[PDB]
Ligand SMILES: [Zn+2]
């Protein structure tokens, strides 16, 4: 993975040694090249994963997440140019350095072959994320958002550190390839009940699991646009990715420990989807939609079936491009009216005709219109949960109805109707804004032509 | 006042000083080149060549080979009267049951 | 020709001969002639031209063959090197067996369409072959979970064998 | 600006853990979770018994 | 809005047309590979197990 | 643990027996990271005193890198020595207590019984 | 077969050309309504050739041209079913769509977005032909959900009107509640038959089909506006009159009935469902007809008339007459 | 700019605060 | 100008490309340390060709 780690590190000298007026151009161009070379990870086999060395390996699960992660860095740089224009040059270059550090930690996180190495990198993503929220957020609440995002993750991650170190002392290794062959069943005892909680609580808080999600509406809303994009597109998927790996060494105890979390997620789906029906803040409505979409991922991972795993991987990638697109669309309005209230600016389809087309496509993907990969992932998770218990179709069905109501309510409330009379600074959409949306939705739809590359190892 | 603080600066319309602005930068020369790198590397290289690269992957995860192999086995097994698929994955001649 | 007919059987094609009993011309007969002249002939010329170039630069690709290696039953406990090769073998077989079920399903689907309204009686052999391959596939690969492995499949097999041996005794109990 | 603040940030400081709010949060918050747990545990316990007994039709069920 | 769509169209066709033309020429004048049995004593290279010319080039050069 | 090791050679940075081990290669990845820390120290020295960060005091920056690499090289010789001594003690103890480390009888998965837990 | 297959796909491909030309701007504006109307005309004549070949000798075929995805033992391929209920509906839909597009050139002449209107009317027609020709449930779900989205975008055509958006979202709400049944049927078939292809579903012919058929009936309840999920169809008269004539009168609200017709091989062996569909249709044909007796809006009278006839279509499915229900769709 | 003095606060107890609330919400104290 | 102000403000456009070349090289050196089973596995072991000296590098 040194062919990707080293070029990412070299994005830092490039930013710092570039001309003052070329920092965005240089960093954007070379981050798109690193994204281009990420396609070489697609050299996957039907039996064995890519095992590069003693430290890093890539399989069909980490590869789509790696490609998504490296694709978002250029998009984050585009989305941040406007609101950082009136910023000190050194502080503009420190903002980019935090984004590059976040990618550096993420690419090493998804390919780490040893669980403790995964833990350190999984935990190191907090520092740059915390700094982006608290330093370059706009409102007062960014300080409290950072504290919630920080202490929710460490309250669950620290017990995971003890559990991992305990596993190495008893099994002898934490290399993920070794665990595939040396794994042993988990006898049902009170000691193993808490090894299960310690091995899964960190990932569920980061998903997030309903009830432990209170950090997400704060952090995802108060962060700058680049922070929100990475927060919702790649950093929620560290929890899902971890559970996919860690669940290998928790059988059979997962078949009864999963009930309290399958119940929280299934019922959390309906609660979080319902909250969106009454959200006054547009950016907050999008934040709660992630909680409802990651509820399906938790359920799929916990019921442990080939179809649920295939759906989970497609959902994480599909949700990554859609939620990220929605935040950029919402930030497009904010940069004109400088308010997050959804009902402030209305009828925007009569003033920004083309940006209303992106709203439509971003809304259709969010409500899982077939055959988008959003529907493929969601459908695969409904099929698997039906076999688990036929009654689940009721809860899955109700969430689909609510999802369409708050997806189109957002579209109707902000785009249709009469325009607000006293808002007269709605300038025509920039080429930067339009190209930012096209870089979200076009890959999201092209994947429908070749879905297999995002269906995960179980394919 | 409660302190000496600058007034909230009014937002700047990028189209006022540059009606050809692409939105990337205030300098027109920098603005144009930022638009060119995003469109060439974003759309001409990554989305067009990346899509073409993916379309011609060398049998991603060996699913064409699997179909080709299964055709031989179905042909071979049927030509010899063997079951199309056995219900035991491992030959029970080398399995020792508990008791 | 392009595909083997032993793995994808196609019954003989019995086409009734024309027997018109009317004076009006058959529109399909004249449209067929127009289609052949306007559509089928120019299409063939393009293909023949393309087919001619391929012969000038003919090259070959081969079908990868994997030699058998000791299966998981012959690996010592916690022996990664031997378990590794057994596991990668069980995965390839798992994939091949998945495609075998696909083939028999295609036979069942193609038979039902081909026989029209008499598929109930005329596709009884395809239905039976699909009910046996499905039984075999379900025995060796069902309920394994997302983290399936050769070990779990072996454990599943040994649980079925114990159940069958425990059934032989209770059968020969009189 | 008063409406959005009243709906988001002014809610908690004007909340008191009394009988009305505690019972409403108990039966709307915990109630559905307990209700669904027994609907699914009973459903899966019943299903598992049939599968072990071998009297649940899974003839063509090879996708899970 | 119209300027963006013109730029978007131009840059997709900047490499879309050369790639579309290139794929057409390859399929005609180079064509695919024919399935053949492995000659005795001959060990195929890992990129000779794929049919299409482009796929064999990706495997030979990158994988 | 190893403070009272019989051949400890107390209060010696590198005992003589440590000269039987391969010295760290001067291109060692660990030794290069230590040199990189020296470069960062040089840059931070300029930054806190408001000097041109990359250019000022090249002589001072060189001595930062040299000092880290020099100390790092010896701290890696002792790191390798102490792990060499651990393994040496670990194996000699096993070889002198064979009854405490007996080879267990390995069986094959066709013999050992593992319970199957269906996922349905 | 060489001509039956080629001309059966040219119809579908012909309709997508105007959509493609309006993407890469390989056409001229102000002729687009005429361009789209002419595409439907040629799509109608080509679609009559395969229909005649069916009328002549009853020829049918299934085209599985593209292999899209293989989920272990489930192979999903783009499949088109050219059979009795595809060679008779496509000609009728194109003939009716031909008139409505010509009528729209005059009715929507002064609309500034007449070009987008004819792109949406065409997109709906494509999603309806995908639904009608679908040989597997997933592809059927693409046109099933696509028609609902194009209905949403056409009901709220005059998006500045508050009552237009409310009617548009109301149609989605009732059709989503119907999609719960569609998802239920897909789940049951996969777990119990390991297929979404109609061929294998009919070949295995499940005996205990109360659950999948109840899901299909619920899906038909919403999209065909039967009692319980009926109100959206009368309120879909917010859109321009051409939309009501094409979508919500003749060629979209029949999708629910069409779905149940396609599964007559199951419903003919299940008298429990026939009781439900017969009673569901009977109440619909009465209640909506009784509503029309006192409505003063001319468009709502014809709207409730459609619900009444849709009810009579489901009464036909309840008495085990799937081919009379289909013939009533065409007429 | 908007200050804490014109943002919703706790329930008003004394009649002095009720008038302040009414003046803050642009309602007449009889209508508040 | 010529080789001045076009090599002082564009030389940085080799750092990321050079990082890829350097990163590619190290991965090749990493495989050289994992050759304990080259042409020695039960599934791919075979006799070397007359000129071939290593099955893979
Ligand atoms: Zn602004």
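Which of the numbered conditions does residue A:371 fail, given that it passes all the others? Conditions: (1) part of a helix (DSSP H, G or I); (2) more than 16 Å from the ligand (Cβ to nearest atom); (3) under 30 Å from residue A:61 (Cβ atoms).
Exception for residue A:371: condition (1).
Residue check: is residue C:164 free of Cβ contacts under 8 Å to residues at least 60 places away in the same chain, more than 14 Å from chain F (Cβ to nearest Cβ) and touching a helix residue (DSSP H, G or I) at 6+ places or on another chain (Cβ under 7 Å)?
no
How many residues are more than 27 Å from residue B:58 (Cβ to Cβ) and either touching a residue at least 12 places away in the same chain (Cβ under 8 Å) or within 9 Å of chain E (Cβ to nearest Cβ) (or both) when one looks only at region C:44-62?
Qualifying residue count, region C:44-62: 1.
Can you pull out every residue in region G:157-171 that is touching a residue at least 24 places away in the same chain (Cβ under 8 Å) and crowded, with 24+ Cβ neighbours inside 10 Å?
G:168, G:171
In the list F:108, F:66, which residue meets the criterion of being surrounded by 11 or more Cβ atoms within 10 Å (Cβ to Cβ) and in contact with a strand residue (DSSP E or B) (Cβ under 7 Å, 6 or more places away or on another chain)?
On inspection, the qualifying residue turns out to be F:108.
Here is a list: A:444, A:436. Which entry is part of a helix (DSSP H, G or I) and surrounded by fewer than 23 Cβ atoms within 10 Å (Cβ to Cβ)?
Sole residue among the options that is part of a helix (DSSP H, G or I) and surrounded by fewer than 23 Cβ atoms within 10 Å (Cβ to Cβ): A:444.
Among the residues that make up region D:18-31, is at least one of them within 14 Å of chain H (Cβ to nearest Cβ), surrounded by fewer than 10 Cβ atoms within 10 Å (Cβ to Cβ) and under 30 Å from residue H:2 (Cα atoms)?
Checked region D:18-31: no residue is within 14 Å of chain H (Cβ to nearest Cβ), surrounded by fewer than 10 Cβ atoms within 10 Å (Cβ to Cβ) and under 30 Å from residue H:2 (Cα atoms).
Using the structure shown, decide if residue B:15 is crowded, with 19+ Cβ neighbours inside 10 Å, facing chain A (nearest Cβ under 10 Å) and not in a helix (DSSP H, G or I).
So residue B:15 fails the test.
In region B:65-84, is there at least one residue being away from chain A (no Cβ under 12 Å), surrounded by 14 or more Cβ atoms within 10 Å (Cβ to Cβ) and outside any helix (DSSP H, G or I)?
Yes.
Within region A:271-281, can one find any residue that is more than 16 Å from the ligand (Cβ to nearest atom) and without any contact (Cβ under 8 Å) to a residue 12 or more places away in the chain?
yes
From the set of residues in region B:18-37 that are within 16 Å of the ligand (Cβ to nearest atom) and buried (at least 18 other Cβ atoms within 10 Å of the Cβ), which is nearest to the other protein chains (Cβ to nearest Cβ)?
B:23
Criterion first (in a loop (DSSP other than H, G, I, E, B), more than 14 Å from chain F (Cβ to nearest Cβ), free of Cβ contacts under 8 Å to residues at least 40 places away in the same chain and surrounded by 10 or more Cβ atoms within 10 Å (Cβ to Cβ)) does residue C:13 satisfy it?
no
Working only within region C:120-131, note down all residues that are more than 7 Å from chain B (Cβ to nearest Cβ) and either assigned to a helix (DSSP H, G or I) or farther than 18 Å from residue G:206 by Cα (or both).
C:120, C:121, C:122, C:124, C:125, C:126, C:127, C:128, C:130, C:131
Can you report the number of residues in region A:413-433 which are buried (at least 20 other Cβ atoms within 10 Å of the Cβ) and either part of a helix (DSSP H, G or I) or within 9 Å of chain B (Cβ to nearest Cβ) (or both)?
The qualifying residues number 7.
Take the residues of region C:63-82 that are touching a residue at least 24 places away in the same chain (Cβ under 8 Å) and assigned to a helix (DSSP H, G or I): which is nearest to the other protein chains (Cβ to nearest Cβ)?
Residue satisfying both the conditions and the ranking: C:73.
Please list, ordered by residue number, the helices (runs of 4 or more DSSP H) wholly in region G:63-155 having 3 or more residues that are within 14 Å of chain C (Cβ to nearest Cβ).
G:84-87
With respect to the numbered conditions (1) over 30 Å from residue E:34 (Cα atoms); (2) at the interface with another protein chain (Cβ under 7 Å from one of its Cβ atoms), which one is the sole condition not fulfilled by residue B:91?
(2)
Do we have any residue at all in region B:40-54 that's at the interface with another protein chain (Cβ under 7 Å from one of its Cβ atoms), loosely packed, with under 11 Cβ neighbours inside 10 Å and either in contact with a helix residue (DSSP H, G or I) (Cβ under 7 Å, 6 or more places away or on another chain) or part of a loop (DSSP other than H, G, I, E, B) (or both)?
Checking region B:40-54: not a single residue is at the interface with another protein chain (Cβ under 7 Å from one of its Cβ atoms), loosely packed, with under 11 Cβ neighbours inside 10 Å and either in contact with a helix residue (DSSP H, G or I) (Cβ under 7 Å, 6 or more places away or on another chain) or part of a loop (DSSP other than H, G, I, E, B) (or both).
Quick one: residue G:178 ticks every box in (1) surrounded by 22 or more Cβ atoms within 10 Å (Cβ to Cβ); (2) in contact (Cβ under 8 Å) with a residue 24 or more places away in the chain; (3) facing another protein chain (nearest Cβ under 7 Å) bar one, so which box is it?
So the condition that residue G:178 fails would be (3).
What's the total number of residues in region A:35-66 that are over 23 Å from residue C:91 (Cα atoms), facing another protein chain (nearest Cβ under 7 Å) and either in a strand (DSSP E or B) or in contact with a helix residue (DSSP H, G or I) (Cβ under 7 Å, 6 or more places away or on another chain) (or both)?
Result for region A:35-66: 4.
Condition check: more than 16 Å from the ligand (Cβ to nearest atom), surrounded by fewer than 20 Cβ atoms within 10 Å (Cβ to Cβ), in a helix (DSSP H, G or I) and touching a residue at least 24 places away in the same chain (Cβ under 8 Å). Does residue A:69 satisfy that?
no
Kindly check whether there is at least one residue in region A:346-355 that is surrounded by 24 or more Cβ atoms within 10 Å (Cβ to Cβ), in a helix (DSSP H, G or I) and away from the ligand (no atom under 16 Å from the Cβ).
no
Considering only region E:4-47, how many residues are in contact with a helix residue (DSSP H, G or I) (Cβ under 7 Å, 6 or more places away or on another chain), more than 16 Å from residue B:49 (Cα to Cα) and free of Cβ contacts under 8 Å to residues at least 12 places away in the same chain?
Of the residues in that region, 4 qualify.
Suppose we filter E:34, E:48 for residues that are surrounded by 16 or more Cβ atoms within 10 Å (Cβ to Cβ) and within 11 Å of chain C (Cβ to nearest Cβ); which single one remains?
E:48
Restricting attention to region A:305-344, report how many residues are within 30 Å of residue D:61 (Cβ to Cβ) and either touching a strand residue (DSSP E or B) at 6+ places or on another chain (Cβ under 9 Å) or within 16 Å of the ligand (Cβ to nearest atom) (or both).
The total comes to 3.
So basically every Cβ, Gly included, is an ideal-geometry build from the backbone, and we count neighbours across all protein chains shown. Taken together, the values in this text are just the output of simple stated rules run on the coordinates, not laboratory data.
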